[PDB]
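A.B. asks: Before I ask anything, let me first share the structure, which is written out below as structure tokens.
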Amino acid sequence: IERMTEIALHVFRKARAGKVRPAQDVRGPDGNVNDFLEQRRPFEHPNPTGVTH
Amino acid sequence: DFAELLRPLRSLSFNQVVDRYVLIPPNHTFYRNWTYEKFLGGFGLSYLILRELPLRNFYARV
Ligand SMILES: CCCCCCCCCCCCCCCCCC(=O)OC[C@H](COP(=O)([O-])OCC(O)COP(=O)([O-])OC[C@@H](COC(=O)CCCCCCCCCCCCCCCCC)OC(=O)CCCCCCCCCCCCCCCCC)OC(=O)CCCCCCCCCCCCCCCCC
Ligand SMILES: CCCCCCCC/C=C/CCCCCCCC(=O)OC[C@H](COP(=O)(O)OCCN)OC(=O)CCCCCCC/C=C/CCCCCCCC
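Residue numbers (the authors' numbering), protein chains in the order written: chain h, 216 to 268; chain l, 63 to 124.
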């Protein structure tokens with residue numbers, strides 16, 4: 216049951232990370248390195264609570 | 063123009079002038095200071111509308 220659990224937990228971690236970043240191609244759930252490049256807030260949803268600069 | 067300032071007086075007698083412009087019946091029930099409350103109070107009402115400006119940049123609204 217120890218071996219079965221770590222197999223399911225490894226799938227769970229990849230599936231959990233896939234919810235915020237879905238799977239587009241063969242790379243799988245959360246398999247895109249470009250997602251973690253520098254990103255900015257959209258123009259229609261700026262920072263509502265504080266200053267940006 | 064000096065004769066135009068006296069235009070509403072030439073059509074009236076002295077008794078009518080006194081009753082019209084001098085002997086105004088006393089009525090101390092009016093909120094005379096509403097003129098100032100509306101004017102100066104408009105700054106606060108204008109701020110309620112102006113604090114919602116869709117200018118995205120924070121320093122632009124500054
Ligand atoms: C149906 C679809 C749409 C179709 C219609 C589209 C067209 C709409 C226009 C026609 C309908 C308008 C309705 C009102 C009729 C007014 C007619 C008129 O002649 O007014 C001229 C009016 C007054 O001219 P003014 O003599 O020069 O007086 C202004 C001076 O600043 C005064 O300075 P002051 O020093 O001499 O005096 C200080 C002043 C205080 O004045 C100030 O401090 C303001 C200073 C401005 C900020 C300083 C920065 C100035 C920057 C300069 C550049 C500004 C350019 C802005 C251009 C704006 C163009 C409109 O305090 C007062 O004197 C008294 C104020 C208290 C008045 C009581 C408030 C009653 C308002 C009506 C209540 C009900 C309306 C609904 C509630 C409001 C909407 C939520 O001109 C203005 O519009 C002034 C701007 C006011 C902001 C308008 C925002 C409200 C617009 C409402 C739109 C509808 C609501 C949204 C509905 C959305 C779904 C449809
Ligand atoms: C302001 C609070 C509103 C809700 C109140 C809830 C509580 C209710 C309890 C009220 C108890 C009443 C106690 C007595 C209050 C007396 C009121 C008073 O003194 O002022 C009245 C006085 C009467 O004026 P006079 O003719 O000179 O005086 C004659 C007197 N016989 O009223 C005024 O001066 C006018 C100003 C009063 C407030 C006006 C509110 C204006 C708000 C503007 C929004 C409306 C939209 C306007 C759009 C314009 C479109 C062209």
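Every residue, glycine too, gets a C-beta built ideally from N, C-alpha and C.
#1: Can you find a heavy atom of ligand 2 that lies under 7 angstroms from the Cβ of l/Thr97?
#2: Taking CB distances under 8 angstroms as the criterion, tell me whether l/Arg118 reaches chain h.
#3: Taking the straight line between their C-alpha atoms, what separation do you get for l/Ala65 and l/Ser73?
#4: Less than 8 angstroms between CB atoms is the rule here; does h/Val266 satisfy it with respect to chain l?
#5: Roughly how many whole angstroms lie between the Cα atoms of l/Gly103 and l/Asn119?
C.D. replies: Quick look at the numbers:
#1: Taking the first residue of the second sequence as position 1, residue 97 of chain l is located at position 35. Not so, every heavy atom of ligand 2 lies at least 7 angstroms from the Cβ.
#2: The sequence position of residue 118 of chain l within the second sequence is 56, counting from 1. Among the residues facing chain h, l/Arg118 is included, as its CB has a counterpart in that chain under 8 angstroms away.
#3: Taking the first residue of the second sequence as position 1, residue 65 of chain l is located at position 3. Taking the first residue of the second sequence as position 1, residue 73 of chain l is located at position 11. Straight across, the Cα-Cα distance linking l/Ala65 with l/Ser73 is about 13 angstroms.
#4: If you number the first sequence from 1, residue 266 of chain h lands on position 51. Interface flag for h/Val266 against chain l is set, since a Cβ pair is found closer than 8 angstroms.
#5: Here the question's residue 103 of chain l lines up with position 41 in the second sequence. Here the question's residue 119 of chain l lines up with position 57 in the second sequence. Spanning the alpha carbons of l/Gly103 and l/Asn119 requires a straight line of approximately 28 angstroms.
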